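Enquirer: Can you read through this structure? Questions will come right after.
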Amino acid sequence: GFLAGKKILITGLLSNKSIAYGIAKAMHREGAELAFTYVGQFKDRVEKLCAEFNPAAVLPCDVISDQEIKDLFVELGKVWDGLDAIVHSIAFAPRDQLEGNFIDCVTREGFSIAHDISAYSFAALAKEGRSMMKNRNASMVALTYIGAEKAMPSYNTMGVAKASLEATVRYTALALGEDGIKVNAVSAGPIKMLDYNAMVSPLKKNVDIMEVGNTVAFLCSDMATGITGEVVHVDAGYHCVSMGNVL
Amino acid sequence: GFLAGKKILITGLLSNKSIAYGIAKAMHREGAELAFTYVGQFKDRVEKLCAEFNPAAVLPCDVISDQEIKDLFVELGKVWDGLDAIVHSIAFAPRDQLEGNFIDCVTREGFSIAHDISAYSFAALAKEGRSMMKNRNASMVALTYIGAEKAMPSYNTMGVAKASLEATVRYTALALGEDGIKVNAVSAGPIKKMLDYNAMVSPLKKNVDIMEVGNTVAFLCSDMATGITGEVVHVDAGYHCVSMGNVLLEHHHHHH
Amino acid sequence: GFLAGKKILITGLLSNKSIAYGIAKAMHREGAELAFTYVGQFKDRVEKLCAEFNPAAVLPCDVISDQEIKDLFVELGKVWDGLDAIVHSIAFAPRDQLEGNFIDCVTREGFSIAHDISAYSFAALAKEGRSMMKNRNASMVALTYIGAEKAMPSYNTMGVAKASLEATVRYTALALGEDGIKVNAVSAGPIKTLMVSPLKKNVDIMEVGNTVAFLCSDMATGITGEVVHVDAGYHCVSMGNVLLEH
Amino acid sequence: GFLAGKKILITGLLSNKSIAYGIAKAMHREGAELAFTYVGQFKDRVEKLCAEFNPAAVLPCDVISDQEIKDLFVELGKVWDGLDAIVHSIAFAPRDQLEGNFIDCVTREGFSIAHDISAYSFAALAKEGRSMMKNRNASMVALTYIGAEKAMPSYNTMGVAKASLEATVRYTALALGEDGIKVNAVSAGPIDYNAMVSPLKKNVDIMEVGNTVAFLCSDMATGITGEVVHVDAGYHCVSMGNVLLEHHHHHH
Ligand SMILES: NC(=O)c1ccc[n+]([C@@H]2O[C@H](COP(=O)([O-])OP(=O)(O)OC[C@H]3O[C@@H](n4cnc5c(N)ncnc54)[C@H](O)[C@@H]3O)[C@@H](O)[C@H]2O)c1
């Protein structure tokens with residue numbers, strides 16, 4: 001596999017259908033070495049889930065907590081020499097933020113909660129895994145979405161938070177370059193308005209967890225060492241089109 | 001004046017040199033009626049600074065506080081039937097955010113404050129101004145910078161908070177669209193620290209000035225601009241549209 | 001008005017409903033002196049058409065012919081001692097390019113012609129016009145459409161041409177900045193159809209006009225190489241409705 | 001090899017420093033069968049360069065000639081069941097278009113010559129080779145350069161063309177996706193101070209580009225279409241120039 005022997009930390013694995021899952025699957029296939037984080041009272045749920053990947057570790061990480069992000073690596077450091085990739089599939093906004101007119105919805109707290117879990121956490125990860133990622137063609141990937149680039153209905157505060165992430169990828173790309181660490185993002189399409197997508201986008205379909213999963217994998221390999229600060233769209237083409245109405 | 005009779009509220013006015021000043025100077029020339037805000041103990045400084053614009057009111061609004069933002073409009077509403085524009089010229093990041101490698105500097109608290117002040121506050125003003133701005137080809141404008149788009153040494157988390165601002169600007173464009181409110185932003189180049197680089201690479205071979213920025217905020221608050229929303233206009237001497245690397249200045253020295 | 005005494009060349013006035021007529025109406029109101037180009041056997045229709053703007057000149061110009069473009073300015077230089085702006089509102093693609101699957105329709109010639117009239121002719125105008133535009137905060141503005149930025153059904157070859165056109169804008173901006181000539185483009189949303197954008201309407205020829213006017217004004221001397229969408233926010237939004245029929 | 005048994009066609013291999021050489025190495029390592037184009041008398045040259053990849057075919061193609069392009073696909077059609085990918089690494093501008101102030105240089109003939117070879121030819125290839133690619137998760141990749149997005153000195157007409165190419169990539173993507181064809185582009189960095197400004201502080205090398213282009217013709221890349229992927233040490237995502245001084249010292 002094009003990821004043989006590399007050590008990768010995969011965040012965001014919650015279910016059978018998680019993008020993070022497609023990622024794990026692609027990576028395991030390419031023979032990487034894998035570790036997983038869970039939030040809250042899902043210790044159970046995820047270790048069951050990721051058993052098939054022969055995990056090096058399954059460790060708590062609520063990116064709300066600074067001490068938890070520290071410990072995550074202190075404990076990872078008991079299992080690994082260093083670290084090759086960090087994959088970042090983390091996002092969240094309160095409900096109240098996510099359903100209605102955006103300026104009706106938006107509240108100070110929601111804005112900073114959403115930004116904190118969805119954008120900063122990526123940098124916070126880069127900070128604490130850096131020391132074990134130096135000079136090894138190390139890679140970092142985030143999961144993002146076109147609501148960053150373009151305003152949409154009800155994506156709301158989440159779209160803003162995503163734009164925030166994208167900016168953060170670019171600054172991390174520059175901060176971590178000297179250390180030879182690439183930083184990039186995959187922009188997925190939806191996995192109930194995936195209908196629109198399937199009708200408009202040139203490839204006439206929604207994408208699946210394997211297509212994204214493989215892109216994220218490719219982006220943590222030695223083939224992708226010329227790329228950094230980049231948003232790759234894995235969205236059947238949706239991004240490069242501008243129809244309006246369909247019937 | 002193309003802004004005649006319009007009631008426009010200006011934020012971020014701190015000095016002679018402030019972008020808001022350029023804005024105001026422009027807006028005043030075009031017959032706008034203007035209000036002003038201040039943060040902290042600047043009632044006097046700012047009252048004396050904006051006397052020349054014959055303000056309708058000068059009002060406390062630290063954008064940190066939900067109460068100050070609500071009380072802003074309750075007050076503004078005592079003097080002004082309704083409201084036409086809001087100019088958002090507000091940026092903050094803790095200095096600890098701005099000195100060196102971005103990953104070295106960035107903190108949860110820094111990131112938080114940065115976005116709170118630099119981006120959220122825009123939506124907050126939209127939230128509390130909205131009712132005063134219903135049905136009058138009303139306008140909001142925000143101020144931004146290319147660091148939103150592309151990474152740079154030092155600008156760091158301010159670069160992110162600006163990207164968050166621009167995203168905020170667009171969502172607001174969609175959200176107040178229904179209420180006839182256009183929402184746009186001006187990306188301004190540096191104003192007299194690397195001005196030099198800007199002035200050497202940029203097509204028009206200069207730095208911009210506050211008039212040049214002011215004049216464009218003016219326009220985007222005019223009935224002439226009512227087809228433009230969610231937009232980022234660069235008033236930056238052309239810097240955005242160009243891709244060079246290092247130029248090569250030639251410093252002469254004389255030693256006696 | 002903010003265009004008082006400025007001398008502006010407007011291309012592509014063909015109709016009572018042309019964008020260039022909105023531009024004209026706007027610029028004239030803002031106190032500019034104006035000159036207009038016509039094509040072939042249309043001298044008279046364009047003469048009747050711009051009478052209301054008290055034109056300084058009505059001169060032939062088929063942007064196909066270098067000779068015609070050189071001749072425009074030679075003749076324009078006889079009436080004016082310098083030029084303040086050029087308005088580039090010219091677009092053409094052969095009909096067979098514009099209707100169907102792009103890879104089905106596209107031809108070498110169509111590709112050639114569309115780019116020639118739609119994109120290059122901007123550079124040609126800059127090139128011949130330049131010497132009368134030096135050091136007076138002069139301006140060039142092209143009309144463009146989001147079909148350049150993103151692929152659309154039927155717009156096809158035109159979309160690529162408009163793309164070529166917005167690069168022509170950028171390079172010109174860089175090439176002519178050193179003379180104070182600001183070079184910019186307005187991406188115009190369509191005027192009519194026969195819902196999507198945040199303003200929930202179609203922009204009209206005045207809104208487009210007033211922006212082109214402002215982009216030839218002294219107020220916009222710090223703006224160049226830029227695209228300004230006057231399209232009611234369409235560019236910044238990504239909702240397509242599906243339309244069910246029951 | 002992630003490209004095993006895919007039939008791919010490679011244009012614009014003119015020497016062993018060509019991007020198309022990087023692509024070829026990448027693709028052959030990934031187990032693809034490859035065919036190559038050449039213009040004019042360069043049959044011999046190109047047959048030598050690529051001999052090492054056991055070309056499935058080596059065939060003439062001047063992208064200026066409609067008829068050469070037709071024959072390209074007629075003949076390739078005799079050798080192959082169908083076709084999996086086309087790699088477009090072809091650019092040309094007249095010399096007079098590239099050495100000065102854009103507006104002084106640019107000409108009607110130049111502008112259109114530049115667009116025909118550098119931009120049209122892509123659609124042109126798509127057109128005539130479409131039929132062999134129908135429904136087999138087939139792919140097209142173009143090579144572009146960041147001067148499509150921004151202006152550089154003297155890249156002039158080429159930057160316009162490359163911009164035009166990039167739109168064509170977008171339209172081809174929509175024209176052809178109904179047949180399952182991905183249509184993308186790699187904006188390569190130059191292979192200096194792109195080595196001083198880029199976050200990764202280096203010039204990307206043909207393998208780094210080749211490997212990417214290969215990936216864009218792998219079955220792993222089936223949800224990516226109409227994209228432009230920068231393989232440029234991160235130069236695109238940055239605004240990082242600074243004024244470099246030379247010191248002149250005069251005594252007394
Ligand atoms: N689901 C889709 O169809 C779709 C489409 C486009 C983009 N995305 C992207 O999907 C990514 C998320 O993955 P998903 O689609 O599998 O479901 P999701 O967006 O509902 O899951 C979010 C993940 O964040 C984790 N998480 C939330 N808060 C956390 C915290 N405080 N600390 C640690 N972890 C936390 C959760 O466990 C969950 O696995 C998001 O980053 C989003 O950008 C998803």
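Lettering and numbering for the structure tokens are positional, with chains as A, B, ... in the shown order, residues counted from 1 in each chain, and ligands counted from 1 in the shown order.
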Would you pick out the contacts of residue 126 in chain A at 9 Å or less, using only C-alpha atoms, so that residues sharing its chain but fewer than 6 positions from it are not included, and give the list as an MDAnalysis selection string?

Expert: (chainID A and resid 86 140 172 176) or (chainID B and resid 103)

Enquirer: Quick one: write out the picked residues with C-alpha atoms as a PDB file, in the first residue's frame?

Expert:
```pdb
ATOM      1  CA  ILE A  86      -3.508  13.704  11.635  1.00  0.00           C
ATOM      2  CA  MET A 140      -2.522  16.788   7.965  1.00  0.00           C
ATOM      3  CA  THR A 172      -1.224  25.969   9.305  1.00  0.00           C
ATOM      4  CA  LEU A 176       4.143  23.772   9.392  1.00  0.00           C
TER       5      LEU A 176
ATOM      6  CA  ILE B 103       0.980  27.482  15.446  1.00  0.00           C
TER       7      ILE B 103
END
```

Enquirer: Could you tell me which residues of chain D sit within 7 Å of chain B when counting only C-alpha atoms, and give me the result as a PyMOL selection string?

Expert: chain D and resi 150-152+193+197+237-252

Enquirer: Could you list the protein, DNA and RNA residues that have any atom within 8 Å of ligand 1, counting only C-alpha atoms and all ligand atoms, and write them as a PyMOL selection string?

Expert: chain A and resi 11-15+17-21+37-39+61-64+88-92+117-118+142-146+162+187-191

Enquirer: Those residues you just picked out, can you put them in a file as a PDB file, in the first residue's frame with C-alpha atoms?

Expert:
```
ATOM      1  CA  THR A  11     -10.443  11.649  14.573  1.00  0.00           C
ATOM      2  CA  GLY A  12     -14.228  11.723  14.049  1.00  0.00           C
ATOM      3  CA  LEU A  13     -15.110   8.062  13.761  1.00  0.00           C
ATOM      4  CA  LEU A  14     -18.653   7.731  15.054  1.00  0.00           C
ATOM      5  CA  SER A  15     -20.460   5.266  12.901  1.00  0.00           C
ATOM      6  CA  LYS A  17     -21.390   5.679   7.790  1.00  0.00           C
ATOM      7  CA  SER A  18     -18.940   8.333   9.001  1.00  0.00           C
ATOM      8  CA  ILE A  19     -16.697   9.901   6.388  1.00  0.00           C
ATOM      9  CA  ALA A  20     -13.979   9.094   8.920  1.00  0.00           C
ATOM     10  CA  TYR A  21     -14.908   5.417   8.337  1.00  0.00           C
ATOM     11  CA  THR A  37     -10.232   9.304  19.203  1.00  0.00           C
ATOM     12  CA  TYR A  38     -13.668   9.375  20.746  1.00  0.00           C
ATOM     13  CA  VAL A  39     -15.635  12.070  22.537  1.00  0.00           C
ATOM     14  CA  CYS A  61     -10.253  13.431  22.849  1.00  0.00           C
ATOM     15  CA  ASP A  62     -12.862  16.133  23.379  1.00  0.00           C
ATOM     16  CA  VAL A  63     -11.388  19.041  21.376  1.00  0.00           C
ATOM     17  CA  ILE A  64     -13.235  21.311  23.807  1.00  0.00           C
ATOM     18  CA  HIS A  88      -9.493  15.885  11.162  1.00  0.00           C
ATOM     19  CA  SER A  89     -13.146  15.016  10.710  1.00  0.00           C
ATOM     20  CA  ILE A  90     -14.655  17.155  13.434  1.00  0.00           C
ATOM     21  CA  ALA A  91     -17.512  19.582  13.224  1.00  0.00           C
ATOM     22  CA  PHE A  92     -20.339  20.812  15.423  1.00  0.00           C
ATOM     23  CA  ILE A 117     -15.025  22.845  17.746  1.00  0.00           C
ATOM     24  CA  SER A 118     -14.996  23.183  13.921  1.00  0.00           C
ATOM     25  CA  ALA A 142      -9.317  18.481   7.340  1.00  0.00           C
ATOM     26  CA  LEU A 143     -12.842  17.696   6.264  1.00  0.00           C
ATOM     27  CA  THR A 144     -14.630  20.781   4.855  1.00  0.00           C
ATOM     28  CA  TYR A 145     -17.662  21.703   2.738  1.00  0.00           C
ATOM     29  CA  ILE A 146     -18.739  24.216   0.039  1.00  0.00           C
ATOM     30  CA  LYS A 162     -16.152  26.123   7.740  1.00  0.00           C
ATOM     31  CA  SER A 187     -14.366  19.274   0.577  1.00  0.00           C
ATOM     32  CA  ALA A 188     -16.972  16.519   0.450  1.00  0.00           C
ATOM     33  CA  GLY A 189     -20.416  16.630  -1.043  1.00  0.00           C
ATOM     34  CA  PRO A 190     -23.371  15.422   0.988  1.00  0.00           C
ATOM     35  CA  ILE A 191     -23.412  11.626   1.610  1.00  0.00           C
TER      36      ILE A 191
END
```

Enquirer: Give me, as an NGL selection string, the contact residues of chain C against chain B at a cut-off of 9 Å, counting only C-alpha atoms.

Expert: :C and (170-171 or 173-182 or 197-200 or 202-204 or 206-211 or 214 or 218-237)

Enquirer: Quick one: contact table of chain D to chain C, 8 Å max, nearest atom pair and distance in Å to one decimal per residue, counting only C-alpha atoms, chain and number order, as CSV?

Expert:
```
residue,atom,partner,partner_atom,distance
D:101,CA,C:175,CA,5.7
D:102,CA,C:175,CA,5.6
D:103,CA,C:127,CA,5.6
D:104,CA,C:127,CA,6.8
D:106,CA,C:123,CA,7.6
D:107,CA,C:124,CA,7.9
D:108,CA,C:120,CA,7.1
D:111,CA,C:120,CA,7.0
D:112,CA,C:112,CA,6.2
D:115,CA,C:112,CA,7.7
D:116,CA,C:112,CA,7.1
D:120,CA,C:111,CA,6.8
D:123,CA,C:103,CA,6.4
D:124,CA,C:108,CA,7.7
D:126,CA,C:103,CA,7.0
D:127,CA,C:103,CA,5.6
D:148,CA,C:167,CA,6.9
D:149,CA,C:167,CA,7.5
D:150,CA,C:170,CA,7.1
D:151,CA,C:171,CA,5.6
D:152,CA,C:171,CA,7.9
D:156,CA,C:171,CA,6.7
D:159,CA,C:167,CA,7.2
D:160,CA,C:167,CA,5.1
D:161,CA,C:164,CA,6.7
D:163,CA,C:164,CA,5.9
D:164,CA,C:164,CA,4.8
D:165,CA,C:160,CA,7.9
D:167,CA,C:160,CA,5.2
D:168,CA,C:160,CA,5.9
D:170,CA,C:151,CA,5.7
D:171,CA,C:151,CA,5.1
D:172,CA,C:103,CA,6.4
D:174,CA,C:151,CA,6.9
D:175,CA,C:102,CA,5.4
D:176,CA,C:103,CA,7.5
```

Enquirer: Restricting it to C-alpha atoms, dump the selection as a PDB file, in the first residue's frame.

Expert:
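And here's again_29.pdb as it stands now:
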```pdb
ATOM      1  CA  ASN D 101       4.623  44.619 -21.430  1.00  0.00           C
ATOM      2  CA  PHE D 102       1.550  42.538 -22.157  1.00  0.00           C
ATOM      3  CA  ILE D 103      -0.209  45.238 -24.201  1.00  0.00           C
ATOM      4  CA  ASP D 104       2.801  46.136 -26.332  1.00  0.00           C
ATOM      5  CA  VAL D 106      -0.115  40.963 -27.647  1.00  0.00           C
ATOM      6  CA  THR D 107      -1.379  40.436 -31.230  1.00  0.00           C
ATOM      7  CA  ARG D 108      -4.472  39.021 -32.878  1.00  0.00           C
ATOM      8  CA  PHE D 111      -3.659  35.589 -29.020  1.00  0.00           C
ATOM      9  CA  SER D 112      -5.513  33.082 -31.173  1.00  0.00           C
ATOM     10  CA  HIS D 115      -5.536  29.769 -27.447  1.00  0.00           C
ATOM     11  CA  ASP D 116      -5.894  27.164 -30.225  1.00  0.00           C
ATOM     12  CA  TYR D 120      -8.895  24.540 -27.668  1.00  0.00           C
ATOM     13  CA  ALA D 123     -11.712  20.193 -26.032  1.00  0.00           C
ATOM     14  CA  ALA D 124     -10.473  19.008 -29.472  1.00  0.00           C
ATOM     15  CA  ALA D 126     -11.955  15.276 -25.759  1.00  0.00           C
ATOM     16  CA  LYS D 127     -14.206  15.531 -28.865  1.00  0.00           C
ATOM     17  CA  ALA D 148      -4.339  31.688 -15.245  1.00  0.00           C
ATOM     18  CA  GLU D 149      -5.550  33.027 -11.874  1.00  0.00           C
ATOM     19  CA  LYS D 150      -3.221  35.979 -11.292  1.00  0.00           C
ATOM     20  CA  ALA D 151      -1.023  38.173 -13.514  1.00  0.00           C
ATOM     21  CA  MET D 152       2.762  37.745 -13.775  1.00  0.00           C
ATOM     22  CA  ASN D 156       1.279  37.546 -20.844  1.00  0.00           C
ATOM     23  CA  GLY D 159      -1.636  33.453 -18.792  1.00  0.00           C
ATOM     24  CA  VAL D 160      -4.745  34.382 -20.733  1.00  0.00           C
ATOM     25  CA  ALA D 161      -4.624  31.128 -22.709  1.00  0.00           C
ATOM     26  CA  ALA D 163      -7.027  30.828 -18.093  1.00  0.00           C
ATOM     27  CA  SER D 164      -9.013  29.904 -21.167  1.00  0.00           C
ATOM     28  CA  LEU D 165      -7.749  26.266 -20.793  1.00  0.00           C
ATOM     29  CA  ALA D 167     -12.517  27.175 -18.225  1.00  0.00           C
ATOM     30  CA  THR D 168     -12.445  24.555 -20.972  1.00  0.00           C
ATOM     31  CA  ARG D 170     -14.656  23.077 -16.398  1.00  0.00           C
ATOM     32  CA  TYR D 171     -16.967  22.902 -19.468  1.00  0.00           C
ATOM     33  CA  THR D 172     -15.500  19.613 -20.686  1.00  0.00           C
ATOM     34  CA  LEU D 174     -19.817  19.108 -17.440  1.00  0.00           C
ATOM     35  CA  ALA D 175     -20.087  18.064 -21.108  1.00  0.00           C
ATOM     36  CA  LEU D 176     -18.613  14.639 -20.391  1.00  0.00           C
TER      37      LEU D 176
END
```

Enquirer: Set out as a tab-separated table a contact list for chain D and chain A with a cut-off of 9 Å, giving each residue of chain D that qualifies its closest atom pair and distance in Å to one decimal, counting only C-alpha atoms, ordered by chain and rising residue number.

Expert:
```
residue	atom	partner	partner_atom	distance
D:170	CA	A:240	CA	6.4
D:171	CA	A:241	CA	8.6
D:173	CA	A:202	CA	6.5
D:174	CA	A:202	CA	4.6
D:175	CA	A:202	CA	7.5
D:176	CA	A:202	CA	7.5
D:177	CA	A:203	CA	4.4
D:178	CA	A:203	CA	5.8
D:179	CA	A:203	CA	8.0
D:180	CA	A:203	CA	6.1
D:181	CA	A:203	CA	7.5
D:182	CA	A:203	CA	7.8
D:189	CA	A:226	CA	8.8
D:198	CA	A:174	CA	8.0
D:199	CA	A:174	CA	4.6
D:200	CA	A:177	CA	4.5
D:201	CA	A:178	CA	7.0
D:203	CA	A:226	CA	8.3
D:204	CA	A:226	CA	5.5
D:205	CA	A:226	CA	7.8
D:207	CA	A:223	CA	7.8
D:208	CA	A:226	CA	5.6
D:209	CA	A:226	CA	7.3
D:210	CA	A:223	CA	8.5
D:211	CA	A:223	CA	5.3
D:212	CA	A:223	CA	6.5
D:215	CA	A:218	CA	7.9
D:219	CA	A:211	CA	8.5
D:220	CA	A:214	CA	5.6
D:221	CA	A:211	CA	6.4
D:222	CA	A:211	CA	6.4
D:223	CA	A:236	CA	4.4
D:224	CA	A:234	CA	4.5
D:225	CA	A:237	CA	4.5
D:226	CA	A:237	CA	5.8
D:227	CA	A:233	CA	6.9
D:228	CA	A:232	CA	8.2
D:229	CA	A:232	CA	6.9
D:230	CA	A:227	CA	6.3
D:231	CA	A:227	CA	4.8
D:232	CA	A:226	CA	5.7
D:233	CA	A:226	CA	4.7
D:234	CA	A:228	CA	4.6
D:235	CA	A:228	CA	8.4
D:236	CA	A:229	CA	7.8
D:237	CA	A:229	CA	5.6
D:238	CA	A:170	CA	7.5
```

Enquirer: Could the residues of chain B that have an atom at most 10 Å from chain A be listed as CSV, each with its closest atom pair and the distance in Å to one decimal, counting only C-alpha atoms and ordered by chain and ascending residue number?

Expert:
```
residue,atom,partner,partner_atom,distance
B:64,CA,A:108,CA,9.2
B:65,CA,A:108,CA,9.7
B:66,CA,A:108,CA,8.4
B:100,CA,A:175,CA,9.1
B:101,CA,A:175,CA,5.6
B:102,CA,A:175,CA,5.6
B:103,CA,A:127,CA,5.7
B:104,CA,A:127,CA,7.2
B:105,CA,A:127,CA,9.5
B:106,CA,A:123,CA,7.7
B:107,CA,A:124,CA,7.6
B:108,CA,A:120,CA,6.7
B:109,CA,A:116,CA,9.5
B:110,CA,A:120,CA,9.9
B:111,CA,A:120,CA,6.9
B:112,CA,A:112,CA,6.3
B:113,CA,A:112,CA,8.8
B:115,CA,A:112,CA,7.5
B:116,CA,A:112,CA,7.0
B:119,CA,A:111,CA,9.3
B:120,CA,A:108,CA,6.7
B:121,CA,A:108,CA,8.3
B:123,CA,A:103,CA,6.4
B:124,CA,A:107,CA,7.7
B:125,CA,A:103,CA,9.7
B:126,CA,A:103,CA,7.0
B:127,CA,A:103,CA,5.8
B:128,CA,A:103,CA,9.6
B:130,CA,A:103,CA,9.0
B:147,CA,A:167,CA,8.9
B:148,CA,A:167,CA,6.8
B:149,CA,A:167,CA,7.2
B:150,CA,A:170,CA,6.8
B:151,CA,A:171,CA,5.1
B:152,CA,A:171,CA,7.3
B:153,CA,A:174,CA,8.1
B:154,CA,A:171,CA,9.9
B:155,CA,A:171,CA,9.3
B:156,CA,A:171,CA,6.6
B:157,CA,A:168,CA,7.9
B:159,CA,A:167,CA,7.1
B:160,CA,A:167,CA,5.1
B:161,CA,A:164,CA,6.9
B:162,CA,A:164,CA,8.4
B:163,CA,A:164,CA,5.9
B:164,CA,A:164,CA,4.9
B:165,CA,A:160,CA,8.0
B:166,CA,A:160,CA,8.4
B:167,CA,A:160,CA,5.0
B:168,CA,A:160,CA,5.7
B:169,CA,A:160,CA,9.1
B:170,CA,A:151,CA,5.7
B:171,CA,A:151,CA,5.1
B:172,CA,A:103,CA,6.6
B:173,CA,A:151,CA,8.2
B:174,CA,A:151,CA,6.8
B:175,CA,A:102,CA,5.7
B:176,CA,A:103,CA,7.9
B:230,CA,A:151,CA,8.7
```

Enquirer: Quick one: everything within 8 Å of residue 13 in chain D, counting only C-alpha atoms, minus sequence neighbours fewer than 6 positions away in the same chain. Send it as a ChimeraX atom specification.

Expert: /D:19-21,36-38,46,89

Enquirer: Smallest atom-to-atom distance to chain C: which of A:139, A:97, A:67, A:245, using only C-alpha atoms?

Expert: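 Of all the options, A:245 lies closest to chain C.
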